[PDB]
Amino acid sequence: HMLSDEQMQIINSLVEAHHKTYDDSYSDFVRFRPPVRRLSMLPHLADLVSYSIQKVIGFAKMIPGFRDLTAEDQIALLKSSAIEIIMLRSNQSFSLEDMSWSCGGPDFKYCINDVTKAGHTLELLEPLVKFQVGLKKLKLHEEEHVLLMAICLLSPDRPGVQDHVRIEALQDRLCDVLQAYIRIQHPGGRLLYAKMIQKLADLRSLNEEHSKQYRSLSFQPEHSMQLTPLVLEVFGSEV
């Protein structure tokens, strides 16, 4: 068939929200504490992630229906999907050639090794890169990529959610648009949608593992003092 004027307006909003919260030049990276190749990359990586949280928030506030939720559910949804949304949007800078995130010169070109110097292990970075590669191979349209992030964020299956019935509705409305768009606008995507919903499941595993490695990291005050107030709040358990 063909998209409706409502589904289409949702797409215009999400794509504009993304454009407004994602700089393809990565020009703000110079304001982060400089990178350094005991966890010498932590200071820079913490600033980069803290920066991203702010962007994910600005993007979220523009997801249709999200801003009507209660402050608490918004907090609950951000806190639990934050790291997953960062992993998804970061794919835009991932390169299948050098298997790394290229956000600028040799300095802002993050290799698997660099993240290790932030306090993480291969037990996470492995499935992560494997996720990036697989996700990249889907050559998602900008419209599908932005929809995937709005769906991941509106997952009602998050610890701390209250109105897990309205959230469930919002996500479905979005899931509808994504499926319609793939059918109407993406030649060869008979199995796409399915492959995308699968990616959400991979994120939960990555999210889980990250929470563990992050927990260990936050209990050590010599490392914890390197994080930012926002990162500590978002990934903290003091809810």
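One-based numbering along the sequence shown.
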With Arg67 and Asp68 adjacent in the shown sequence, let me know how many deposited residues between them lack coordinates: none, 1 to 3, 4 to 9, or 10 or more. none
Of 224-232 and 5-13, which one has the bigger average CA B-factor? 5-13
Mind pulling up the entry and telling me whether 39-47 or 179-187 has the higher mean Cα temperature factor? 179-187
Out of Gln162, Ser81, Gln74, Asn91, which one has a C-alpha B factor higher than all the others in the entry? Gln162
Can you work out whether the C-alpha temperature factor of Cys103 puts it in the lowest, middle or highest third of the chain? highest
Where does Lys55 sit by CA temperature factor within its chain: lowest, middle or highest third? lowest
Relative to the other modelled residues in the chain, which third contains the C-alpha temperature factor of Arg166: lowest, middle or highest? highest
Once the chain's modelled residues are ordered by C-alpha B factor and cut into thirds, is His145 in the lowest, middle or highest one? lowest
Among the modelled residues of this chain, does the Cα B factor of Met87 put it in the lowest, middle or highest third? lowest
